[PDB]
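Okay, so here's just one chain, in structure tokens, the form solved without ligand 1TE.
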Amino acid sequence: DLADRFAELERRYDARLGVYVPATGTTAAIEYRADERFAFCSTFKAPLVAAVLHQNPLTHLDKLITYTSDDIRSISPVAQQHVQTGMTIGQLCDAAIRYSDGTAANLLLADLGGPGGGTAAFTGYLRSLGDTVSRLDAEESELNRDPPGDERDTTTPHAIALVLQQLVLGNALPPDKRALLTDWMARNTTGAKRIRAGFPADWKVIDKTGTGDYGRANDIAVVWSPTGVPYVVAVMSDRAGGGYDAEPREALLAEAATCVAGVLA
């Protein structure tokens, strides 16, 4: 039984694991702690981009955003190289997904507008999708504290899987905006050891990672089987019993994805 395999991963990795894969015409849903809250970490950056795409015409992607070194908060592998040139909204979207660029995310939040540096606008975007669960409360920062049991900055595997379903595979976005999201996630650089690692090479995988303290490791993906069937796969984990310093475990995500792959295959 698949639930036992997930429980064994929890015991072997000393982790809490959440998994949701929405049901299809041809497959049952996979759910393991799918309605328990986990920290977003950087997984929010994919729907963030969807929000920016949604609220603006595509010509908005060429708006140059200028910023300063004082805006560098969090790992920002792209943004840190363009403090004096700035970056277009398109480039920020690219960096935010493909390099989980934190500064980029923060600038995209600002681009959405409104209170909380954009976290309100982001959360309302999700509310407008039908998600009454997920919440973004803080801008990215390396100084952020987010202890277990605080419901701020959380989603559920079930919630974020259905959001991603709508965005990539549903009609949340018009096809041209949808394609930009899909493409960016298809060329993610950070996800090779997670869901991607658990799916055979002939499956297409697009994804957005998240990592944090308390051993938090997330990956949200859309996968395409060799037979052309797409599935959304949300995996979230933390190791809170290990405290702030618990090591994130990518392998747990890879192995959970392997259990999923096994059943959709």
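Counting begins at 1, following the sequence as shown.
Form solved in complex with ligand 1TE: not shown, discussed below.
So in the bound PDB entry, does residue 209 come within 4.5 Å of ligand 1TE, heavy atom to heavy atom?
Yes, residue 209 lies within 4.5 Å of ligand 1TE in the bound PDB entry.
Considering non-hydrogen atoms and a 4.5 Å limit, does ligand 1TE approach residue 51 in the bound PDB entry?
Outside the cut-off, so no.
Does residue 83 reach ligand 1TE in the bound PDB entry if we count a contact as any heavy atom within 4.5 Å?
So residue 83 does not count as contacting ligand 1TE.
With a 4.5 Å heavy atom cut-off, would you call residue 111 a contact of ligand 1TE in the bound PDB entry?
So residue 111 does not count as contacting ligand 1TE.
Only one of 138, 75, 180, 133 has a non-hydrogen atom within 4.5 angstroms of ligand 1TE in the bound PDB entry; which is it?
Exactly one residue meets the criterion: 75.
Counting only heavy atoms and a 4.5 Å cutoff, which of 230-238, 40-48, 23-31, 59-67 contacts ligand 1TE in the bound PDB entry?
Comparing against ligand 1TE in the bound PDB entry, the contact stretch is 40-48.
Can you tell me which residues in 82-113 come within 4.5 angstroms of ligand 1TE in the bound PDB entry, by heavy atoms?
Result: 100, 102.
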